[PDB]
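The block underneath contains the structure these notes are about, expressed in structure tokens.
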Amino acid sequence: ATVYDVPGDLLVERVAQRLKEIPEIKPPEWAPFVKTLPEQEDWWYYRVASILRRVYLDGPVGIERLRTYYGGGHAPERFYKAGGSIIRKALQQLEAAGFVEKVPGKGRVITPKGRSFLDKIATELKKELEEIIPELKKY
Ligand SMILES: [Cl-]
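Numbering (the authors' numbering), first residue to last: 2 to 37, 44 to 79, 84 to 150.
Here it is in structure tokens:
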């Protein structure tokens, strides 16, 4: 299966778990300082997983385009607050892990390693859904 063949939320969950074992993916200790479930406890892993999937889907894609995609105005020169820092750090860690690269004049793209990483996890998830859902009791 590929990323296209599984739901995004469950894929990001499963990718997040696998990213925990990748040494370069190091939570920056930003989310714990916010007061305003695994997706919260493991926020950074989910964030990086989501961004990796977004690069797979949308690449080539630039930092500012990702920032505005995720944000709650395009201004690539402007001094990044929290959202820009998140994209930048995620992309730095993903590049260090070999999963994304920069293409001059194009943006970030997923590498063959990154693509296979996602597609392997998608294949596992697809198999699980195919097994579990049809076998659930009705009532
Ligand atoms: Cl964090």
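Just so you know, even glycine gets a beta-carbon here, dropped at the ideal spot from N, CA and C.
Backbone secondary structure at residue i - three-state DSSP
| i | result |
| --- | --- |
| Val114 | strand |
| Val55 | helix |
| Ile23 | coil |
| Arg119 | strand |
| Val68 | strand |
| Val35 | coil |
| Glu135 | helix |
| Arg60 | helix |
Whether residue i touches residue j by CB criterion (8 Å)
| i | j | result |
| --- | --- | --- |
| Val7 | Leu147 | no |
| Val62 | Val111 | yes |
| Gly118 | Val35 | no |
| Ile23 | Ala133 | no |
Nearest to residue i (by Cα), restricted to the options the options
| i | options | result |
| --- | --- | --- |
| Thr75 | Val62, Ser57, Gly95 and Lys21 | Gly95 |
Can you list every residue whose CB sits closer than 7 Å to some heavy atom of ligand 1, going in chain order?
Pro28, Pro29, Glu30, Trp31, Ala32, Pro33, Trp50 and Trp51
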